[PDB]
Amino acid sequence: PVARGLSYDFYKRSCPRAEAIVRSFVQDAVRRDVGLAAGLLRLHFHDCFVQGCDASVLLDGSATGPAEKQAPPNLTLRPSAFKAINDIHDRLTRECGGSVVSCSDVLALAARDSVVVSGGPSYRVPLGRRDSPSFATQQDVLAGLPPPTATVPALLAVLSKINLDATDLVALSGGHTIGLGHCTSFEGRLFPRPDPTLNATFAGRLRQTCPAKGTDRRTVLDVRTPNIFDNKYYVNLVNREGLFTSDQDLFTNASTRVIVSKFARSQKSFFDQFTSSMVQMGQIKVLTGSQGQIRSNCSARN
């Protein structure tokens, strides 16, 4: 389903090359910056959960935006993803005129392309989002974004507000099949005692990277295939090798465990659900019609 105001053909007349421009850029950029794909995918999710899929977190004045200096490491996002959205927007501006394609639409398109260039399934992206001029505050971030220490009941409660369900939860967490995570996001599972749900061999390996509390290092989210979009994330879970509590508790909790097992056994079933759930996620509290603006410069208010 597609929310009121969005359409697949939104730029057919105004910028018909838009999706090819975004895709070509992401394909080129990840050759140099393999982690950009993870950065762009997470930036789309992060934005969506902080007030709605409205590019609010791209603004220089926004908490966790590109100028963020106060936030903890796991709320300090990969710098190259912010810049890639801007560069893409610039190329769309040259080809189709400025302020035609919204930054929110670029976020959704770039996430899709990042999934594909990493080996994942393509899917059609509904378009027509408008951009919000509102700066995100710290309270917006804390109110919208569950921490990695969250367990399944709390995660489902957050998702149910915006009409995502357990299957969406398990499929969308598969975004952690690529990318990086800071020691601080899982060090509670290592200090002062090991979490019993950590695979003991895996825990030993983590302690190599994070030998003490407060280690300023990152490791891979997916110990099996760090940069390939695939179902290995769920294979990790079945072997107690999820990095975050919010990862591993999907396998612990009865509400989610059989979905994890299904996606561990069948990458095809994971891919088929992930595309559906991504389309749902990219429509959370979107602005459409005359709401919001088409931002000319993704980092700044018009």
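Note that residue numbering follows the sequence shown and begins at 1.
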query = Per the entry, where is the mean C-alpha temperature factor higher: 51-59 or 239-247?
reply = 51-59
ask   = Given the B-factors recorded for C-alpha atoms, which segment has the greater mean, 66-74 or 251-259?
value = 66-74
task = Could you say which of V170, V220, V125, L145 has its CA atom at the highest B factor, as listed in the PDB entry?
result = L145
task = Please work out which residue in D230, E187, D216, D131 has the highest C-alpha B-factor recorded for this crystal structure.
result = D216
inquiry  = Splitting the chain's C-alpha B-factors into thirds, which one does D33 fall into?
reply    = lowest
inquiry  = Please say which third, lowest, middle or highest, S266 falls into when its CA temperature factor is compared across its chain.
reply    = highest
note = In terms of its chain's C-alpha B-factors, the third that includes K285 is the middle
request  = Classify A110 as lowest, middle or highest third according to the C-alpha B-factor given in the PDB entry, relative to its own chain.
outcome  = lowest
note = Of the three thirds of the chain ranked by Cα temperature factor, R23 occupies the middle
